[PDB]
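A.B. asks: Residue numbers (the deposited numbering), protein chains in the order written: chain B, 8 to 415; chain A, 6 to 415.
Note that CB positions come from ideal geometry on N, CA and C, so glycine has one too.
Dumping the structure here so I can ask a few things about it.
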Ligand SMILES: Cc1ncc(COP(=O)(O)O)c(CNC[C@H]2O[C@H](O[C@H]3[C@H](O)[C@@H](O)[C@H](N)C[C@@H]3N)[C@H](N)[C@@H](O)[C@@H]2O)c1O
Ligand SMILES: Cc1ncc(COP(=O)(O)O)c(CNC[C@H]2O[C@H](O[C@H]3[C@H](O)[C@@H](O)[C@H](N)C[C@@H]3N)[C@H](N)[C@@H](O)[C@@H]2O)c1O
């Protein structure tokens with residue numbers, strides 16, 4: 008760790024040190040003491056089938072033995088993958104990358120080049136690349152990117168001179184943005200006649216066998232986390248003209264057969280919609296059980312989202328700190344301060360286990376914070392962590408300014 | 006099947022009409038096409054398969070990792086400690102980091118070094134990946150991103166390094182076929198005198214020749230390796246000076262702890278750290294090179310070979326010879342990385358070497374009598390270096406002749 012220059016997002020203890028897990032299977036991880044934990048983090052939501060899913064593993068092992076193509080060259084598995092992507096997501100053309108970061112940078116640069124226009128309006132996280140960094144919201148960074156924090160009043164201001172705007176790129180959230188938000192988003196962008204890049208790295212295939220909302224009409228999409236059960240594959244597709252500059256993309260590992268095996272195998276399953284409905288059902292039991300447990304002990308922690316993708320909304324940082332300590336004590340591995348994303352290995356027995364552990368958390372919290380209330384502050388702070396901008400709750404510009412001051 | 010759906014144009018073996026060649030299986034140094042015909046691979050996923058297709062030790066490690074047996078993607082595991090320790094031991098440096106492509110690593114470190122140096126200009130030679138930050142319309146002046154392409158010309162470099170308060174870094178992809186020892190000593194001198202840090206892009210050459218970076222005649226502040234790290238699995242690594250790499254604290258990606266890639270890199274690096282694979286490849290490749298030189302000389306075929314058994318290149322008299330050579334090679338099932346470098350893997354062992362020598366004899370026969378009169382010229386050498394190393398071959402010229410030679414080749 009001393010040696011590592013980077014700071015990977017991962018589970019960390021109270022001291023900030025990465026939590027070590029030495030094996031895992033399905034929904035369960037094992038720590039170096041042999042204790043078993045239930046994983047709701049699941050490699051930031053990229054393990055959707057379950058750790059060690061055997062169908063994926065068999066495919067990867069066959070590919071590792073050279074039976075399913077070579078890294079040197081095109082293979083039939085690639086044809087199958089590209090075909091599957093276009094059937095499920097749509098679009099004229101498709102492309103592949105190793106990370107969501109890479110996919111988002113490449114498509115944003117390509118669409119900007121095709122549009123010959125300098126400004127990109129953005130909300131949501133799009134990866135680690137410095138092109139997205141900015142010192143303040145609502146004004147262009149040095150790369151021409153304007154963060155609008157899912158504020159449609161700001162978006163409307165920017166779209167009021169739409170000829171300088173190349174694209175609008177958003178990472179759709181469905182915990183804190185509803186049908187009204189999407190209807191207005193799409194109204195605005197269609198009025199401006201500016202293309203939409205839907206960054207569905209997290210939500211594409213998450214809820215259903217396809218992109219997350221028919222309320223967006225994207226010119227370009229990206230999916231990744233739900234594509235390959237954690238193997239490093241991201242895909243993009245959409246309009247051929249907008250993605251013309253993708254002709255310049257090539258990378259050494261393009262034909263690597265294990266990644267292709269993982270993606271073809273996982274996509275075949277996700278395209279049925281079965282895993283997503285299993286996960287929704289099981290997650291929904293856990294959320295219903297947890298919401299009740301907490302309500303009845305007077306613990307000031309609510310939940311947002313659904314079985315596929317949910318989050319805890321704590322009254323304050325003190326509640327949250329105590330909640331995380333108690334959860335870790337019961338071996339519940341949540342993505343702290345962010346979204347929870349069960350896999351298809353979160354089955355009914357695991358739900359029963361997890362519900363026991365959350366009874367024990369609720370007991371560990373009872374009587375301590377009863378005098379505390381979930382306020383609008385709690386909600387905005389929680390949403391900010393999980394979806395990387397402002398919740399769709401009614402507000403004036405003065406309020407928007409005050410919330411940003413608190414959370415930036 | 007799906008060519009028309011694909012927005013990208015991946016580098017891959019293509020037939021004479023530009024259509025990608027399909028291969029269904031591989032094993033060691035051999036590929037199998039859809040009709041079962043067996044080809045010998047010298048391309049090896051652009052030199053990233055260094056142990057051989059389907060290497061069993063790597064395969065077992067990947068398979069176990071795929072069942073979660075040494076860790077999961079959610080979290081840190083002991084395998085990561087092993088890999089980071091191994092990397093620092095073999096390549097050196099204060100700190101290390103991991104990426105999924107050479108492209109990603111090169112962009113991240115370049116941006117980080119520039120940030121640390123508070124200087125906007127970066128001098129560059131060699132290929133560093135597909136990112137648009139490297140695109141330019143002309144050499145020798147800065148592109149839109151502050152990057153000056155210098156095409157391995159030390160006259161141009163020295164002019165830029167006379168601005169030491171403006172130049173953040175010099176990033177080079179070292180070549181050892183078309184740049185001599187004298188080039189490297191002048192390069193290191195210029196950069197030391199200017200006190201400008203060197204980023205050694207060793208994505209191709211790092212661990213290629215020995216258990217370490219490719220030349221002691223460089224002293225880089227930052228290194229990148231990748232192709233020799235994981236037998237094709239998508240892993241790149243960086244390391245070096247902690248201050249210069251401070252901005253890497255901002256890097257995280259979802260698949261960081263993905264266990265199959267980590268298994269491949271740890272297992273492959275353990276072998277490459279011994280130097281044994283590189284020694285085996287050098288011997289076998291050197292036998293092949295010796296045989297091919299003699300065969301072409303015997304047949305009056307005007308193609309020279311540069312490099313060594315780890316990494317070599319064909320230098321054809323001209324493009325008609327090269328096209329004819331490639332068509333003849335494909336007809337014998339030799340798969341070369343056309344116009345670029347050849348990089349055998351450690352599965353290119355003695356019986357495979359014998360097979361490949363046979364195929365080369367047949368190539369020589371198919372070329373005999375067709376080009377006997379033609380000769381390599383300096384233009385042959387320039388053209389070949391421009392393809393394999395992405396810059397100007399190290400051969401005497403005036404500053405005025407550089408300009409002319411670039412017009413020709415740009
Ligand atoms: C929509 C979207 N687009 C591109 C990417 C980049 O993909 P990749 O990680 O493969 O490069 C992500 C990667 N997702 C990782 C996390 O990102 C955000 O969280 C953090 C992220 O964990 C952290 O690394 C970063 N420094 C700040 C950022 N706010 C989200 N809130 C979280 O739900 C996600 O799991 C994404 O969610
Ligand atoms: C030094 C160096 N640094 C970063 C990279 C990028 O790594 P990655 O492909 O993992 O993103 C490479 C990737 N190497 C692929 C090839 O690139 C170059 O050739 C082509 C490259 O194959 C091609 O894709 C590109 N469009 C033009 C480029 N000139 C080299 N001559 C070749 O020996 C290489 O095998 C490299 O060699």
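1. Within the present structure, is the beta-carbon of residue 113 of chain B separated from the nearest heavy atom of ligand 2 by less than 7 Å?
2. Only counting runs of 3 or more residues, tell me where the beta strand (DSSP E) segments fall wholly within the segment 127–191 of chain B, in order along the chain.
3. With a threshold of 7 Å (Cβ to nearest heavy atom), would residue 346 of chain A be considered close to ligand 2?
4. What does residue 416 of chain B pair with, by DSSP beta-bridge criteria?
5. Strictly below 7 Å CB to CB, what residues from chain B border residue 125 of chain A?
6. Quick check on residue 116 of chain B - is its C-beta less than 8 Å from some C-beta in chain A?
7. Leaving out the 5 sequence neighbours to the left and right, which residues in its chain are closer than 7 Å to residue 333 of chain A when beta-carbon positions are compared?
8. Mapping DSSP to helix, strand and coil, what is residue 318 of chain B?
9. Can you tell me whether residue 30 of chain B is buried or exposed? The criterion is at least 16 other CB atoms within 10 Å of its CB, across all chains shown.
10. Helix, strand or coil for residue 207 of chain A per DSSP?
11. Taking 8 Å as the CB-CB cut-off, is residue 303 of chain B touching chain A?
12. How long is the line joining the alpha carbons of residue 145 of chain B and residue 154 of chain B, rounded to whole angstroms?
13. From the beta carbon of residue 171 of chain B, is the nearest beta carbon of chain A less than 8 Å away?
14. If you draw a straight line from the alpha carbon of residue 413 of chain A to that of residue 199 of chain A, how long is it in whole angstroms?
15. So, at 7 Å on beta carbons, what are the nonlocal neighbours of residue 190 of chain A in its own chain, with the 5 sequence-adjacent residues on each side left out?
16. Using 10 angstroms around the beta-carbon of residue 149 of chain B, count the other beta-carbons present and answer buried if the total reaches 16, otherwise exposed.
17. Taking 8 Å as the threshold (beta carbon to beta carbon), is residue 17 of chain A in contact with chain B?
18. So is residue 39 of chain A buried or exposed if we call it buried at 16+ other beta carbons inside 10 Å?
19. Can you tell me the Cα-Cα spacing of residue 216 of chain B and residue 160 of chain A, whole angstroms?
20. DSSP three-state label for residue 214 of chain A, please.
21. What alpha helix (DSSP H) runs, 4 residues minimum, are completely inside the segment 250–300 of chain B?
22. Please specify which runs of the alpha helix (DSSP H), each continuous and at least 4 residues long, are wholly inside the segment 53–101 of chain B, giving them in chain order.
23. Just the C-alpha distance for residue 400 of chain A and residue 142 of chain A, rounded to the nearest angstrom, thanks.
24. Tell me whether residue 415 of chain B is buried or exposed, calling it buried when 16 or more other Cβ atoms sit within 10 Å of its Cβ.
25. State yes or no: is the beta carbon of residue 91 of chain A nearer than 8 Å to at least one beta carbon in chain B?
26. From the DSSP secondary-structure annotation, give me the bridge partner or partners of residue 308 of chain B.
27. Please report the distance separating the alpha-carbon of residue 132 of chain B from that of residue 157 of chain A.
28. With distances taken from CA atoms, which of A:116, A:377, A:184 is nearest residue 254 of chain A?
29. Using a Cβ cut-off of 8 Å (strictly closer), state whether residue 197 of chain A contacts chain B.
30. Between the alpha carbons of residue 283 of chain B and residue 349 of chain B, how many angstroms are there, rounded?
31. At the level of alpha carbons, what is the spacing between residue 245 of chain A and residue 179 of chain A?
32. With DSSP as the reference, identify every bridge partner of residue 230 of chain B, one or two as the case may be.
33. Can you tell me whether residue 273 of chain B is buried or exposed? The criterion is at least 16 other CB atoms within 10 Å of its CB, across all chains shown.
34. Using a cut-off of 7 Å between C-beta atoms, extract the partners of residue 369 of chain B located in chain A.
35. Answer with yes or no whether the minimum CB distance from residue 152 of chain A to chain B is below 8 Å.
C.D. replies: In brief:
1. no
2. 152–154, 172–177
3. yes
4. In the structure as shown, chain B starts at 8 and stops at 415, and residue 416 of chain B therefore has no counterpart that could be examined.
5. Here the premise fails: no neighbours, minimum Cβ distance about 11 Å.
6. yes
7. 368, 371, 372
8. strand
9. By the 10 Å Cβ count, residue 30 of chain B comes out buried.
10. Strand at residue 207 of chain A.
11. no
12. 5 Å
13. no
14. 32 Å
15. Closer than 7 Å at Cβ, skipping near neighbours: 222.
16. Of the residues assessed, residue 149 of chain B falls on the exposed side of the cut-off, its CB having fewer than 16 other CB atoms within 10 angstroms.
17. yes
18. exposed
19. 58 Å
20. coil
21. 264–277
22. 61–71, 83–96
23. If you take the alpha carbons of residue 400 of chain A and residue 142 of chain A, they lie about 24 Å apart.
24. Burial is judged here by how many other beta carbons sit within 10 angstroms of a residue's own beta carbon; residue 415 of chain B has fewer than 16 and is exposed.
25. Output row for residue 91 of chain A: interface = no.
26. B:321
27. 39 Å
28. A:116
29. The Cβ of residue 197 of chain A sits no closer than 8 Å to any Cβ of chain B.
30. Rounded to the nearest angstrom, the gap between the Cα atoms of residue 283 of chain B and residue 349 of chain B is 10 Å.
31. Distance between the alpha carbons of residue 245 of chain A and residue 179 of chain A is about 17 Å.
32. Under DSSP, residue 230 of chain B forms a beta bridge with B:207, B:242.
33. buried
34. Here the premise fails: no neighbours, minimum Cβ distance about 24 Å.
35. no
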